[PDB]
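Everything below concerns the one structure shown next.
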Amino acid sequence: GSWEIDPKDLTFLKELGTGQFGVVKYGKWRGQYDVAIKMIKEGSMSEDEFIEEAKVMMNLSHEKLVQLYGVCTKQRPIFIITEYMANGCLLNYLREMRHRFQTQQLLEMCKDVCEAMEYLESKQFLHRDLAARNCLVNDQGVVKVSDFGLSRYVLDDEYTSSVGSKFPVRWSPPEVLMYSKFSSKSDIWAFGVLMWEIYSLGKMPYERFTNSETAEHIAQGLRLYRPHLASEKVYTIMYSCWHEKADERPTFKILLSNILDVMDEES
Ligand SMILES: CN(c1ncnc2[nH]ccc12)[C@@H]1CCCN(C(=O)CNc2cc(Cl)cc(Cl)c2)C1
């Protein structure tokens, strides 16, 4: 099928990482094209459901989304083939103090993510785990959104629900923590936290709190506060993502307009 890549077309060149979901390698497709090859650990994913969804995911083409090129499903482990992003994970990139980022660079990263999310919003597609650890950085410093929708197919019980140890509590609005109500507005909340991660150079949100303490904090109506590098206008944008009432939170189209306005003011 159009979603199926011949694994014989891959040349494996370097290891990019190993973890719970499997092993990621850098390689070439048909000798010429850079790819990331994700080798899925058996039992970690609902593979048939993922393969069906891969057909939809591949039609999601936007310059700020990490592209899904196809899957290799005729051997074990299956492979997922994606765009290669030379500078790796955004969270680690933010934490490398050598870059000495300007705030204009940080705002540009927020805009890259927002553009990807406005596109997903326009397609009624939820990310469901938006956070700096799920964004990647290419050789030009462009940030792109990765692993969109993947959490629906992860089998690990600690990651599946608000009670689990791996659940992204610190990126979740009160209605997710209390009621499991996911919507565009839970992606909005997570985006505001991602903006906070960017302007905090990769600090853990609510860094002094446990997950349980964070959930209590949020339930009481309290919030993150302003990163030192965020201007008042930037803080207003991120804070708007955290209204207790989900329907009072902006859309990604509004956030993008807000971010572009601040870019103009701060250039
Ligand atoms: C180092 N690195 C990259 N470096 C350059 N270009 C890349 N393209 C894609 C990834 C990438 C990633 C940094 C974050 C962690 N990571 C993942 O891919 C995480 N997601 C995942 C999903 C599935 Cl389904 C299976 C598996 Cl094993 C992993 C590798």
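When reading the values below, keep in mind they use all heavy atoms of this one structure, side chains included, and skip hydrogens, waters and symmetry mates. Counting convention: from 1, in listed order, for ligands and their atoms alike. Sequence positions, counted from 1, serve as the residue numbers for this chain.
Among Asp147, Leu16, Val24, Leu136, the residue whose heavy atom lies nearest to atom 12 (C) of ligand 1 is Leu136.
Atoms of ligand 1 lying under 4.0 Å from any heavy atom of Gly22, numbered from 1 in the order shown and given with element: 27 (Cl). Close approach of ligand 1 to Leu150 (heavy-atom distance below 4.0 Å) involves ligand atoms 22 (C), 24 (Cl). Below 4.0 Å from some heavy atom of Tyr84 lie the following atoms of ligand 1, by number and element: 5 (C), 6 (N). Using a 4.0 Å cut-off to heavy atoms of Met45, the atoms of ligand 1 that qualify are 24 (Cl). Listed by number with element, the atoms of ligand 1 under 4.0 Å from a non-hydrogen atom of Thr82 are 8 (N), 9 (C). Close approach to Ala36 involves these atoms of ligand 1, each under 4.0 Å from a residue heavy atom: 7 (C), 8 (N), 9 (C). Under a 4.0 Å criterion applied to the non-hydrogen atoms of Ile80, ligand 1 contributes the atoms 24 (Cl).
Ligand 1 has an N or O atom lying under 3.5 Å from an N or O atom of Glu83, backbone or side chain. At a 3.5 angstrom cut-off on N or O pairs, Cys89 does not count as close to ligand 1.
Distances from ligand 1 to the non-hydrogen atoms of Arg133 include no value under 4.0 Å.
At a 4.0 Å heavy-atom cut-off, ligand 1 touches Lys38 through the side chain alone. When non-hydrogen atoms are compared, ligand 1 lies under 4.0 Å from the backbone of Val23 (N, CA, C, O) but not from its side chain.
At least one side-chain heavy atom of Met45 sits under 4.5 Å from a side-chain heavy atom of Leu150. Proximity of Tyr179 to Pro174: side-chain heavy atoms (C-beta onward) are nowhere separated by under 4.5 Å. Side-chain contact check for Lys28 versus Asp34: some heavy-atom pair is nearer than 4.5 Å.
Between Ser146 atom OG and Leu130 atom CG the span is 11.0 Å, to the nearest 0.5 Å.
One N or O on the side chain of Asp187 and one on the backbone of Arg128 form a donor-acceptor pair closer than 3.5 Å.
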For this session: Please assess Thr103 against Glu266 for the test side-chain hydrogen bond (donor to acceptor under 3.5 Å, both in side chains), listing each intermediate value before the final yes or no.
Result: CA-CA 9 Å; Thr103 57; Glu266 299 193 6; 4.8 Å; no

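With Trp171 as the aromatic partner, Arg133 meets the cation-pi criteria of under 6.0 angstrom to the ring centre and within 45 degrees of the ring axis.
The aromatic ring centroids of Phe101 and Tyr93 lie less than 6.0 Å from each other.
Within a 6.0 Å sphere centred on CG of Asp139, heavy atoms belonging to other residues, nucleotides or ligands number more than 12.
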